Amino acid sequence: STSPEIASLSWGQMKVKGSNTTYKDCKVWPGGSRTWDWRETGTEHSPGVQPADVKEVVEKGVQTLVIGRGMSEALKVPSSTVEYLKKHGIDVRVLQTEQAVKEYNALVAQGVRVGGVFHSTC
């Protein structure tokens with residue numbers, strides 16, 4: 001449905017207005033959110049963010065997708081992963097988390113269909 005608000009962000013913890021839970025790492029999109037457990041894809045800081053990590057977001061319907069790659073971006077992001085999104089007409093924003101949530105919510109403020117995945121730590 002609509003894009004929620006990321007209420008709060010601190011090391012290893014994030015808050016999304018609308019969720020009965022504050023996760024560690026998370027996924028957000030018009031309609032809701034969800035815990036982002038790398039194990040579901042066995043994702044590590046390398047190869048890094050996998051298309052499988054953000055597909056569930058893409059299949060929800062977003063114009064822009066924001067990737068929170070951590071507080072130091074120690075987690076890389078495959079270029080094939082970004083092109084993958086762009087190949088779907090999606091605007092991609094790759095940022096350090098603290099700054100990543102700032103773009104996300106801003107977009108949320110101007111009512112854009114935005115989604116994303118965030119790494120609350122490094």
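These numbers come from the heavy atoms of this one structure, side chains and all, not from hydrogens, waters or symmetry mates. Residues take their numbers from the sequence shown, with the count starting at 1.
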So, [X] side chain and [Y] main chain: donor-acceptor pair closer than 3.5 Å or not?
X	Y	answer
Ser1	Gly31	no
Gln96	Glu98	yes
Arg69	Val94	no

query = Which residue pairs pass the salt bridge (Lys or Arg N to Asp or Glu O under 4.0 Å) test when at least one of the two sits in residues 39-55, sequence neighbours left out?
reply =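 Counting only pairs at least two positions apart or across chains, the salt bridge (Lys or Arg N to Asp or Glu O under 4.0 Å) contacts touching residues 39-55 are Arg34-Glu40.
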Going from [atom1] on [X] to [atom2] on [Y], what distance comes out if it is rounded to the nearest 0.5 angstrom?
X	Y	atom1	atom2	answer
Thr2	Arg113	OG1	CZ	7.5 Å
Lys60	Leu65	NZ	CG	13.5 Å
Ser8	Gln13	OG	CD	6.5 Å
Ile67	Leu95	CD1	CG	9.5 Å
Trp36	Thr41	CH2	OG1	8.0 Å
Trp29	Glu59	CH2	CD	9.0 Å

In a table with atom names and distances, give each donor-acceptor pair under 3.5 Å that connects a side chain of residues 71-84 to protein atoms at least two apart or in another chain.
unit_1 : atom_1 : unit_2 : atom_2 : d
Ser72  : OG     : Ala74  : N      : 3.4
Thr81  : OG1    : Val49  : O      : 2.8

Are [Y] and [X] connected in a single hydrophobic cluster, I mean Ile/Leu/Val/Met/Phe/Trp/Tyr linked by side-chain heavy atoms less than 4.5 Å apart?
X	Y	answer
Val28	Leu9	yes
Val114	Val54	no
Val66	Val108	yes

key: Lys24 and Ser120, any side-chain heavy atoms less than 4.5 Å apart   =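 A side-chain contact under 4.5 Å exists here.
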key: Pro30 side chain near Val62 side chain, heavy-atom distance below 4.5 Å   =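 A side-chain contact exists here, since the closest heavy-atom pair is under 4.5 Å.
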request  = Applying side-chain contact (heavy atoms from CB on, under 4.5 Å), run through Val101 and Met14 and close with a yes or a no.
outcome  = CA-CA 10 Å; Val101 172; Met14 294 178 65; 4.1 Å; yes
Side chains of residues 85-92: which donor-acceptor partners sit under 3.5 Å, not counting sequence neighbours?
unit_1 : atom_1 : unit_2 : atom_2 : d
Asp91  : OD2    : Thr64  : OG1    : 2.6
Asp91  : OD2    : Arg93  : NE     : 2.8
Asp91  : OD2    : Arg93  : NH2    : 3.1

key: Taking every non-hydrogen atom, the tightest pair across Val57 and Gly116   =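 The pair with the smallest heavy-atom distance is CG1-N, 3.7 Å.
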For the student: nearest non-hydrogen atoms of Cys122 and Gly70, plus distance =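 In this case the closest contact between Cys122 and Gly70 is SG-C, 4.0 Å.
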ask   = Do the rings of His45 and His119 sit parallel, tilted or perpendicular, given the 30° and 60° boundaries?
value =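 Taking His119 first and then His45, their aromatic rings stand perpendicular (interplane angle over 60°).
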ask   = Is there any ring-ring contact (aromatic ring centres under 6.0 Å, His included) pair reaching into residues 90-114, and which pairs are they, with sequence neighbours excluded?
value =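 Sorted result for residues 90-114: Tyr104-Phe118.
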key: Which residues share a side chain to side chain donor-acceptor pair (under 3.5 Å) with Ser33, sequence neighbours left out   =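 With sequence neighbours excluded, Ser33 shows a side chain to side chain donor-acceptor pair (under 3.5 Å) to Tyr23, given in chain and number order.
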Partner set under side chain to side chain donor-acceptor pair (under 3.5 Å) for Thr21, not counting sequence neighbours =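 Expected list: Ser19.
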